[PDB]
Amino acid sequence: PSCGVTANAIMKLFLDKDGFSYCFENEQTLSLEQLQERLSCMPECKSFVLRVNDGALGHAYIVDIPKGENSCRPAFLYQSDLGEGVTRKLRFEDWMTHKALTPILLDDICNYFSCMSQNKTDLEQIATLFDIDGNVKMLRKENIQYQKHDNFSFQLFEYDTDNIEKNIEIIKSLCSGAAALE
């Protein structure tokens, strides 16, 4: 599956419940400026999931912001990659059994959004966040797609830890049977 497909499916795991089904194309989007305003007012006692549509990098991914303190607020990054953009091909299983397990600082990925929105990023910043080995040599600057405005689009939702737990239980219960299905 593509990075966008993986991202959409993760959103559904966090958000789907009786009476609401997440559908990427139908949900409300935020600009970077609007996002920055929401993140500045985020309470410590709520958890959020952020879907990132990264048009420069060529890639969609998820930032999970658990409940936490606003000083050095942690986050987790979830992604897969077909390897057609700046970053290399990356299987979800591989990302999620290695680098995804270590928290990052929300400020660091937000600094990336700010820099890349102005074409002011650098490969070391990109590799540190997105490459499984932090290896700058695996990036292809020649595959960047910068456009003066609107490089990024975002979707930001509050989530409940009970709901992602339940949805993961559901998909686990289907996995073996589904594979058999044709």
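We number the residues from 1 along the sequence you see.
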**Fill in**
Between 8 to 16 and 166 to 174, the record assigns the higher mean Cα B factor to 166 to 174
**Complete:** Once average C-alpha B-factors are taken from the entry for 145 to 153 and 38 to 46, the winner is 145 to 153
**Item:** Top residue by Cα temperature factor, when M138, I62, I65, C115 are compared in the entry
**Value:** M138
**Message:** Quick check for you: using the entry's CA B-factors within this chain, is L32 in the lowest, middle or highest third?
**Reply:** lowest
**Prompt:** For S71, does the deposited CA B-factor place it in the lowest, middle or highest third of the chain?
**Reply:** highest
**Message:** Can you tell me whether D133 has a C-alpha B-factor in the lowest, middle or highest third compared with the other modelled residues of the same chain?
**Reply:** middle
**Message:** Is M96 in the lowest, middle or highest third of its chain when residues are ranked by C-alpha B-factor?
**Reply:** lowest
**Fill in**
Of the three thirds of the chain ranked by Cα temperature factor, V52 occupies the lowest
